[PDB]
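[1] these chains are from a complex, not moved at all, and more is on the way:
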Amino acid sequence: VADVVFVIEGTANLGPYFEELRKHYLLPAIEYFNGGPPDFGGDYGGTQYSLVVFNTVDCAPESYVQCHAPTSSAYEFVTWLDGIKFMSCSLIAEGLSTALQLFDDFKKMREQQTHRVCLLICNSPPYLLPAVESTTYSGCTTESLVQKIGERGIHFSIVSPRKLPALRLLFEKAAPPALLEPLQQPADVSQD
């Protein structure tokens, strides 16, 4: 219980749309996974969760990622919701690998397993067509998807906007039960 993960990518594509996306989808992430509207003590028991943020590789001189949410005491994540950065493709795969390694570290040392689930959020239809020339990972977004879903039993998900990206077709490789068929027009489900 109280397990979530956020991955924001649609900065340039959903700059203004991010407010409505939060008002319609980010509220149940706290309303359902907690008692209600969030100051509480922060522990390492597993009740905490993570949140990763990634930007466009093109509109970036040298920096890649700025992930910061080890525990967040389930409120510090609510603190830096509006503390996002803004920047055409996006090449988000290099940022999905960050969440991959993060949940790998979680399963490696933070194992008390609460089967922490992960959710991705994008507005542009990204693709890191060059999957090479990286630091500690040389896989594509489909390989990352099948590794995070098939190899790792971590529940994957991607909350797309009203439009139709390609990830809605890439969902077909989600071998574990993701429950991404019905859209969350009512309160969001723990497994999207």
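    Done, it's in. Numbering: from 1, shown residues only, chains lettered A, B, ... in the order given.

[2] could you pull out the helices for chain A?
    Chain-ordered helices for chain A, with DSSP state H as the definition, fall at A:17-21, A:28-31, A:76-79, A:93-109, A:141-146, A:167-170.

[3] right, so of these, which gets closest to residue A:155?
    Comparing the helices of chain A against residue A:155 with C-beta to C-beta, the closest turns out to be helix A:93-109 (10.6 Å). (Each C-beta comes from the backbone N, C-alpha and C, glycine too.)

[4] And that closest one, what's buried?
    A:93, A:94, A:95, A:96, A:97, A:98, A:99, A:100, A:102, A:103, A:106 (16 or more other C-beta atoms under 10 Å).

[5] Tell me the one among those residues nearest to residue A:119.
    Each of these was scored against residue A:119 by C-beta to C-beta, and residue A:99 proved nearest at 9.8 Å.

[6] ok, and the closest non-adjacent residue to the closest one?
    residue A:52 (4.9 Å; C-beta to C-beta, 6 or more residues apart in numbering).

[7] try residue A:71
    Distances taken as C-beta to C-beta, 6+ apart put residue A:48 closest to residue A:71, at 3.8 Å, once the chain neighbours are dropped.

[8] Now the one you found: phi and psi?
    Residue A:48 adopts backbone torsions of phi -70, psi 170, taken as degrees, to the nearest 10.

[9] so where do the strands sit in chain A?
    Across chain A, reading from the start of the chain, the strands by DSSP state E fall at A:5-8, A:50-53, A:120-121, A:158-159.

[10] in its sheet, what does the second one sit against?
    When pairs are called by DSSP bridges, strand A:50-53 turns out to pair with strand A:5-8 (parallel).

[11] mind exporting the partner strand as CSV, just the C-alpha atoms?
    Output in CSV follows, covering the C-alpha atoms of strand A:5-8 (Å, rounded to 0.1, in the frame of the first residue of the first chain):
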residue,chain,number,x,y,z
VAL,A,5,6.0,6.4,-9.1
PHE,A,6,5.9,9.4,-11.3
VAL,A,7,7.8,10.1,-14.5
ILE,A,8,7.1,13.4,-16.2
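
[12] got a list of contacts for it?
    Outside of strand A:5-8, the residues that reach it under the criterion C-beta atoms under 8 Å, 6 or more residues apart in numbering are A:18, A:26, A:29, A:49-54, A:77, A:84, A:92, A:95-96, A:99, A:103, A:116-122.

[13] didn't residue A:42 look like it was pressed against residue A:48?
    Yes. Checked against C-beta atoms under 8 Å, the pair residue A:42 and residue A:48 is within contact range at 6.6 Å.

[14] between those two, which one's more packed in?
    Residue environment comparison for residue A:42 versus residue A:48 gives the larger neighbour count to residue A:48, 20 against 14, counting by other C-beta atoms under 10 Å.

[15] Also, this goes in as chain B:
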Amino acid sequence: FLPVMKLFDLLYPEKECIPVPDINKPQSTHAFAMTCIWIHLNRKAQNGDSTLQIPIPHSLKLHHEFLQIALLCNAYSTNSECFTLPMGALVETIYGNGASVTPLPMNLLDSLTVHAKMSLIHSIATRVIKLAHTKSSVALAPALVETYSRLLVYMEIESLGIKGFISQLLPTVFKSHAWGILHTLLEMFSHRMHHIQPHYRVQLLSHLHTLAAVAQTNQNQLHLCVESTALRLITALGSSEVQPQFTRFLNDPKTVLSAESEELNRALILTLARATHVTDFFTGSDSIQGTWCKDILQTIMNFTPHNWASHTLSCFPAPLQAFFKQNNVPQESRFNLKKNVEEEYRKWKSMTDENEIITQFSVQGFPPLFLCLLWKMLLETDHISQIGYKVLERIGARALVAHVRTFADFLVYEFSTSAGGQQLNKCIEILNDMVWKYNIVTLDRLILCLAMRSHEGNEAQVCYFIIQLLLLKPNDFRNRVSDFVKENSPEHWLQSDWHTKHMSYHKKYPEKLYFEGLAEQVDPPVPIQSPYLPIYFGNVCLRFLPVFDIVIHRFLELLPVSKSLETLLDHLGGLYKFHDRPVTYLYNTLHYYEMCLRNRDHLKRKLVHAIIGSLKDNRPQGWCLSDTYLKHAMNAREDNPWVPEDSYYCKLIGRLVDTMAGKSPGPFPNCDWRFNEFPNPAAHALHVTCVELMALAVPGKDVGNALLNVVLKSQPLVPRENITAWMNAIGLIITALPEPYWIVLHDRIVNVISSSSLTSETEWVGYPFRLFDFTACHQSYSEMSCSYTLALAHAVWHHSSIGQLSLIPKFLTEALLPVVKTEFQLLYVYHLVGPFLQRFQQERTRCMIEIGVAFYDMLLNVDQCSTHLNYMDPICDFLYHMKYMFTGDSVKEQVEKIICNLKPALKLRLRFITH
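    Following on from the chains above, chain B is added here:
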């Protein structure tokens, strides 16, 4: 409280798991507090219905629901709707059975009961008010009330709680006389509570006086018990709070404070005399502030006070009561004996036809008549036949006051006529076994009436003999307390077996006071006068201290037989089983004695070890200076232990300089930091310093001398860097000791060095400012003797700024005139006097002008024998602000005639001062 708690848990509870359970059966609540605060957070969030009910207790999950008797009664979950667990953790009152009624006393609070304060407040209060409201017909169930007695920090933080408790006791005495409950709780409260708030204690005094006055206590003739408690309320409060409290009860004596407890009123005025001398409350003025005590007199004058015949009247600084001392009706023109024996003979001859009429002819109860029957009886084995016994035990004390009043004269006359009692050994044994068989005297009022008119110089010896042997010859009680030494004295603060101990004690030797110990034809027990039986012995040993005061303060002419009263107090060690406060008992009895202590000096020559052993009725090993003297007094104790006192005094002051910053958790503060009169270790420093310096007679004069010695003849043990602590220490020890002890400081400052050479060719040291003011000796250099002397001065000035300063103005006018020759002498005396004038300005304004003209007089001197004044303008502006900031246009006329003699420069400076 939630944000600070969260920040602390993030900082202090920097962890994510709960390892190391650490059961810690003895004490663990100081460790598991995190679980308690978390449960409190959950309860607050549930009351608020938000914040996810303070989620994730996982941080201390093991300690979260660890709740699933005497070892782990962690009553932490008592926030709300869980009071069953704490109320069952502590054994409540018993309801099944019904003089033992409440068994199973609990453990002392220090074990684990130190925390239960926010929960156990009114539980026992509700219990007692419930049992008192309906009725108390069966034997009184509450007897574990001793638990409620020992609530130290609890009653400390909830003084309003006990205030409400008393204001709810008032409806209890309103219901019916508070017969059972009051006589159960009040005695144990008085005999168990010591460090009570002074204003709260005087409120308690007013309450008890009001309840004892009205209504009548004819059937509760044992009411005198609370009177004994009154004595304990007039003992330890005289130190400082007497003056602030005098206005608190300012309006009470204007109507009622001396209704009938005239003996208690004499006792309290004696205690007030004790308090006023510490420290010299009337030596400053004796003309205008006299009304401040006249009000007190204004009460007792309505009820025949001060019937002392000036015998004991030797300590009042204001002997204005001598205006009202002739109405003491002493001996009633000496015919009182004839009158009472004539009426006793009339009664004895009329008993043949008056026993059926004396019931209807008991007008006024015949106050000083019935006790005279002891001599007429006992010739035919107690012919009273309870004829007047029931007539007596309705106004017993109120008639026995006059009974003993006339019996004192009777006995002194008889013993002066016999001169040895060879034939009056009969009445001697009568008075001896008068305590063996239960009598209604309880020896509670004998010494006061005996000192009224019998202790006169012609008859002081017979009354001293009375005080000596009326209680010491009977061996029914002295042996009982002689075996009672190893019961409460070694184990005093381990209250867990008190119930059975006191039960055994007061059922073995005594039975009951109302039980007529006189063996007449019938003896109906009537076992109904048993409301509570906590103590039968504390009364006499509590009253014995003013007995010592009276026998020592006025009868000191007798040196040899004083060894007998020493043996008597050796037989009365229990006298010192409650409190060690001989400071006032030495002051009021030593005021004018230190100069003429020779007889008392030879008495103390043997009383040193006697007082040492009397104080030794404990085992905390706390008082070492006494044991240090003992180990330094192996042989020839009259001369040796007073020679190396200076270094000794070092250790003494050493202890004091360790009382504030040194080894604070030492042997001194203990047992129990709150009942040995410990608001501070200096309070215990007081009486130990007193008893040390009261040993010999050459001290007091030698106190200040040896202190100045250890100052300039600095022993290698005396450090030079933290000297100011030693300054404060000497200041305290001086402001603590009586007047003939600090009186030496006057000549120590003005006579020793103020004119060492210091007239014209002192030296090139003449620069006054850099050296004469203290703190110049911060280096090993710049340390002049005058500087350390000024420092010791300022110390004793600030510490003794209560009454010792009051004699200072006249002092300057008496001795400081023909000593001032130069100008730096004037700067020195300014350094001495100035910085403490505002202390006078606060309360003693009426002497400021004196100080003023004193300084002005100095000007005259420094105007006559003076060629030039180099630093005169400092004195000019000093006197300027002296006038304008403190005195103002007040002393203009007196100074007008004195400044006209100044030098032209001084005129040019103070031509606006004269304006």
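
[16] The buried residues of helix A:93-109 again please, this time with chain B.
    A:93, A:94, A:95, A:96, A:97, A:98, A:99, A:100, A:102, A:103, A:106 (16 or more other C-beta atoms under 10 Å in any protein chain shown).

[17] Nearest spatial neighbour of the fourth one, chain-adjacent residues omitted?
    Distances taken as C-beta to C-beta, 6 or more residues apart in numbering or on different chains place residue A:144 nearest to residue A:96, at 5.1 Å, with adjacent residues excluded.

[18] which residues touch the one you found?
    A:93, A:96, A:97, A:100 (C-beta atoms under 8 Å, 6 or more residues apart in numbering or on different chains).

[19] Tell me, how many residues neighbour the closest residue to chain B within chain A?
    The shortest separation between chain A and chain B is 2.5 Å, found at residue A:35 (distances taken as C-beta to the nearest C-beta). By the measure other C-beta atoms under 10 Å in any protein chain shown, the count of residues near residue A:35 is 18.

[20] residues in contact with it?
    B:50, B:51, B:52, B:53, B:55.

[21] how far away is the fourth one from chain A?
    Remark: distance between residue B:53 and chain A (C-beta to the nearest C-beta, to the nearest Å) = 6 Å.

[22] May I ask which helix or strand encompasses the residue nearest to that residue when sequence neighbours are not counted?
    What sits nearest to residue B:53 in space, not counting adjacent residues and going by C-beta to C-beta, 6+ apart, is residue B:45, at 4.7 Å. Using DSSP states H and E, residue B:45 sits within helix B:33-48.

[23] Residue B:842 too?
    Here residue B:842 sits within helix B:837-843, counting by DSSP H and E.

[24] re earlier: can you list the helices and strands that the helix holding residue B:45 packs against?
    Applying 3 or more C-beta pairs under 8 Å, 6 or more residues apart in numbering or on different chains; DSSP states H and E, one finds that helix B:33-48 makes contact with helix B:2-11, helix B:61-64.

[25] Can you give me the buried ones in that helix?
    For helix B:33-48, the neighbour count (16+ other C-beta under 10 Å) marks B:34, B:35, B:36, B:37, B:38, B:39, B:40, B:41, B:42, B:43, B:44, B:45 as buried.

[26] That helix: how far from the chain's middle?
    Taking C-alpha atoms, centre = their mean, to the nearest Å, the mean C-alpha location of helix B:33-48 is offset from the chain mean by 46 Å.

[27] tell me the angle it makes with helix B:2-11.
    Counting by axes from the mean of the first three to the mean of the last three C-alpha atoms, to 10 degrees, helix B:33-48 lies at 150 degrees to helix B:2-11.

[28] list the contacts for residue B:489?
    Contacts of residue B:489 by C-beta under 8 Å, 6+ apart are B:573, B:574, B:577, B:617, B:618.

[29] If you rank those by neighbours, which is first?
    residue B:574 (22 neighbours).

[30] Would you quantify the distance from it to residue B:481?
    Summarising the geometry, the distance separating residue B:574 from residue B:481, computed by C-beta to C-beta, to the nearest Å, is 5 Å.
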